[PDB]
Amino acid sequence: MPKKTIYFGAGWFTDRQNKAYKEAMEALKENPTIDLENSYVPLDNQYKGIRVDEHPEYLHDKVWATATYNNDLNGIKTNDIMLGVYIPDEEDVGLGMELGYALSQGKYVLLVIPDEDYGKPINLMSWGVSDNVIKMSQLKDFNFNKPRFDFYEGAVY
């Protein structure tokens, strides 16, 4: 098969986020239309190897912030597809921004929602930016060579 690369848009700040993250990453490893090795994973592309957790003084460093912001934008713009791991109860402003950038860069925008949450209401603008929204259990078999437009089968506020 041909393979496409993605940007792994996913929060890592809550238990539900980290669960969905692990699940989505596992689904991508099993999906044969995805080149995960050459995809952009934010958490493995930390500027200069420095760990924002082990040294939180870097959250006042404007150079760190500039480089990290730009790395993410670059990760979106140089890969085929924008993936948003999306928790309806824990909606993320950063992801929202990235979705808007992905749209502007002409990328397919795919949201993935945990099966337990699929159907719960999501922000209108999330509903609208997305080209499609699927459940976590569909991610391993999603054909990224033939991405199509569809509507969320769920609520929007």
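What we label the rigid core is the largest C-alpha set whose atoms superpose within 1.5 Å from one form to the other. A residue's number is simply how far along the shown sequence it sits, counting from 1.
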query	finding
Stretch with greater C-alpha deviation in 5 other deposited structures of this protein, 41 to 49 versus 95 to 103 (rigid core superposition)	41 to 49
Higher C-alpha RMS shift from the shown form in 5 other deposited structures of this protein - 126 to 134 or 50 to 58, rigid core fit	50 to 58
Residue range whose averaged C-alpha B-factor is higher in the record, 44 to 52 or 103 to 111	44 to 52
Residue of maximum C-alpha B factor among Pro88, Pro32, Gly96, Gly128, per deposited coordinates	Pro32
Third of the chain, ranked by Cα B-factor, where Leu28 sits	highest
Lowest, middle or highest third - CA B-factor, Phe142	highest
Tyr21 - which third its CA temperature factor falls in, relative to the rest of the chain	middle
Relative C-alpha B-factor of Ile122, binned into the chain's lowest, middle or highest third	lowest
Entry-reported Cα temperature factor of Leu36, expressed as the chain third it lands in	middle
